[PDB]
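First chain written, first letter: the chains are A, B, C, D, E and F, and each begins at residue 1.
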């Protein structure tokens, strides 16, 4: 079966664990980012972005609502969440949230 | 006529000018050195040394006596005087004193 | 002063010391060889040979007589002796016996 | 000019001297013979390394000796031991050649170690001034660029070693590699001494490994690599092997730095930077040079030298594994390896404030004698940015290879998630592992079989 | 197939085995932790070097392990010490790659030294089978060809180092070399750590040394040479330096074998054989690796490895000098270096009969802290075929350089003549030296000045 | 690069640059320097002398060589080509190089002093 990087061998993640993941994303200053894509080749690097990184994050419910909207409009595509760092300039967290 | 480097187009230097030369030699802390050689090719760099540099120089007459001894023992060879610097590591003054 | 390889710093060797050289030659099984030459350049390796090595040497007086004969016939040339080894296949001792 | 023998302590003992931001410092731990004053011995260590000689010569007066001479500016005793002292030595920058590690090593540790007046000697730390560190090339890629190229975030990288040491032909090597790749692993390695033998030539091994990697990557959907060994007798042979490794499109190769030489390693780092292939470095022979406590070279100096020469991956001990390593020193020199600004802390084995000037980091690697039960504690010590290789932790699964790889990956990811959620790894590792193995039978089997093995041995280097 | 952990001693302890003329043998001296049986430790030593691992995997059954596994066939206790034993180990020939020293070193001493179950370990000797030694290149020229090319017979060769170590410009370097050469010496050498510095670039040093060599050779009438250093950070740089050294017609160059790596050294030996320029090998860093008695590598194994890789001159201690060396071991491994057939003799530190199969010899070299009074005894120990280098024995002459060179040459000639005639050097050396110095004032001055210095220090390695 | 073309500035001029040691250690530096040049050319105690060939252009190869030889034999040390002489229809670079080399060799043999030409 095709696999999709880390956290891809666990049974599907529950919403509460995703909320904990997001709060840990915000805890040390990483900012969220939402990407969607049609294909899942392993030689492609860039994915399509959605709005901008949410610099004014104040609660996990905001990012959860944004992911819900992302599924609402483009549900027929792979949808994933990444996290960004502004000190070392390198993303650190990447996992798949919405599978078709 | 074959020339012999610096100070080689003048009438022969008198002894008093040599003494003044040597005084300026020792004024800035340069140390004398005596070389004698047979041929005067312009592709040869090294010459045969005589004793050691006179680190305990106290008077021009000492180097004059050294040149006199050098002429006494090897008068059939070109005899020249050089000066060394201990901080810039490169010699600065060179001229011919005794011609065949 | 021009030098002539080994044993070129001593006063000329006496005959008794040459005899000592010869019995040392024969003691470990080296054989003598006599060569003569005109020039003494250091860029030349081979020298002209004189008959054959004396394999059946029995006394140093024989080598001394051979050197005397070589001086008698070709006295106007540098004359030297050498020792040969038949085990390791390499000459070991070489020195000048007749200077000009 | 006055010739003769001259005592050292009058010329090479200046405690009023102050280090500059340009000078290069070194720290020695030494024990002298009875009847030898400590200060004279320290003067000897300083003098014999830069310009010393047992008798003065006339040429000594033809240069400015005071500008170049090494200096020993601090001698202190260490608590708890007798006739053992620390000596600090400083060198001006005009002493060394730009951009060469070999010259530095020869100049510093060339002759001093064979001195009569010293019972034992051991170099401890080296401070690299910024003006010198700017000259060197640095690691070919670093950490950030490697992570970006390989597209792997949020978890430590995983690896395994092919077993046994030798005995396999090319096709079976490829078969084992393919089976281990498809289970859920990322990296697999050739073993240190496999270069080219009568039973298995190198070209066939390269070809079969490339084919297996391609097939597994197509099957699963993950960027998968494998270290191809390159260690060769001559520069030409190593260059040829590297060119062939590039041609097939493999993304990573390995090399032994200490046993092949810093010259070859530097040229390989330069070439692999020019052609953009990741470099993996193995620390073979290091046990010969760092085992003892009183004689030899501590590993951290070699780590700094390697980070100067070039390399992305570096073996760094296992703490709880089968090879010698103490937790404090391991953490200290790991932080020396990765970070950019490290302040002095004698508690962790670092002696001088060292700044790298934005030179990229080098990934540490833990390998040797670890299994599933070691996952939690390990993840605590290293942090996220690390590569863990299981020697017998994957192939030893009684179900083959793929079940072992799957169990290893699930265990590691469960530990990273447990720390991610906010739990304490050290205190609850057993519970996390049991809960993780509740639903995946392979993890449960590995946990059941490999809970009885522990390695608790006294540390020689204290 | 049955996975799990297994004891080593049940498989790798065969005292009935008999060595063959093909197998490669090694001897270890080891001291284990308390409570560890000796046989188990020897089994572990032979295990982790060839195929062993802490658990058994399925792939172990895919090949004929018994054909490749190492074997430990003799463990004995050494008299005078406790918990210290000799362990002999044998390896089949199919373990090693033909014509490479790096692979042999990595396979033998790669990981065993870092074992937890061992308190101390030291490799003592290596036996090279003929079938393997036939593969390697051997020294570029040897002894006989070198002597024939340089046209020097009947006396040991002489040399001198340029001092101070660093701080001289190019022209002063050339002048010092010319003065040292015209006095009557044969070789002058750069120091070990002079490669290229901000004060003295390499091209100017090469040019000026070449000019001095040419002028002195024209003046005196004897073939004179000089060791030009080559140690470089990359293979390309070293190749360029070698090409330039060839272009000017210099007959000899030098290289640091241990600190640059065996790969670079092998490629340099191959190039030197191809272009016919004599190769000089220095022995830097050796004191890091051979100093202690319980941990490290004894020098003679490095000497054998170097003789396999390639080299004409090799540093070999001084016995009475300022560097560590014991008379028995020095003589034993010197005879190991030069001769062709050597039988076992435990009194000289050689353990196995070794045959070179007509591979040419390598000239030993003694240098460091010697002067005129050491001439007789020295000539007694080494024999005729040797090269002696005086560090401070020539430039330290109170009359400059040429008087020192003349004194050295007269002293060496007088000693070789005294032994040549039939006198005993050891008992009459003072009389020979005084008689020789009767007529040449320089020798008398050197004898008068340098009779008060003696280096009598206890030997660490006993 | 771009600062000099700004609007809010009527005039601008860079005055000095400080190079940190960490950066200056990277560069190659001059090929030889002063000390090595003086040692190679064997000239001490006096400033070096030089001369330009005039007129600017219009000389063939042989007249160029003759002028250089005549000026060199008088007691000078260096003679130079002029800035814009690279290669023209009246005088190419190979002939000029050959003739200047011949003149240098002959003058050096005649006088006994090391002589050069840019």
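Simple rule for what comes next: contacts are C-beta pairs under 8 Å (C-beta built on N, C-alpha and C of every residue); 3 or more make two chains touch, one makes a residue touch a chain.
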Connectivity without chain D (remaining chains kept where they are): A | B, C, E, F
| item | value |
| --- | --- |
| Superposing rotation of chain B relative to chain C, computed on C-alpha atoms, to nearest 5° | 90 |
| Interface copy of C-E among B-D, B-E or A-D, judged by whether over half of the contact pairs recur | A-D |
| From chain A, the most remote chain by mean C-alpha position | C |
| Closest chain to global C-alpha mean, per-chain Cα centroids | E |
| Approximate Å spacing (C-alpha centroids) for the pair chain C, chain F | 60 |
| Chain A and chain D: spacing of chain centres that average the CA atoms, whole Å | 35 |
| For chain A paired with chain B, centre-to-centre distance based on mean C-alpha positions, whole Å | 84 |
| Distance between chain centroids, defined by C-alpha means - chain D, chain E (Å) | 28 |
| Set of chain D residues in contact with two or more other chains | 58, 62-64, 98 |
| Pairs of chains satisfying the touch condition | A-D, B-D, B-E, B-F, C-E, D-E, D-F, E-F |
| Touching residues (chain side chain E, partner chain F) in the complex | 169-171, 201, 204 |
| Residues of chain B touching chain E in the complex | 44-46, 48-49, 51-52, 89-90 |
| Touching residues on chain E, where the partner in the complex is chain D | 3-5, 33, 50-60, 62-65, 68, 94-103, 105-107, 109-117, 119-120, 162-168, 172, 176, 192-193, 195-199, 231-236, 238, 256, 259-267, 270, 284-289, 291-292, 295-297, 322-324, 369, 391-392, 395-398, 400, 449, 453, 455, 457-458, 460 |
| Contact set on chain F toward chain E in their complex | 35-36, 39-40 |
| Residue ranges of chain D touching chain A (in the complex, touch as defined) | 144, 147-148, 151-155, 184, 217, 220-223, 384, 406, 409-410, 413-414, 416-417, 420-422, 439 |
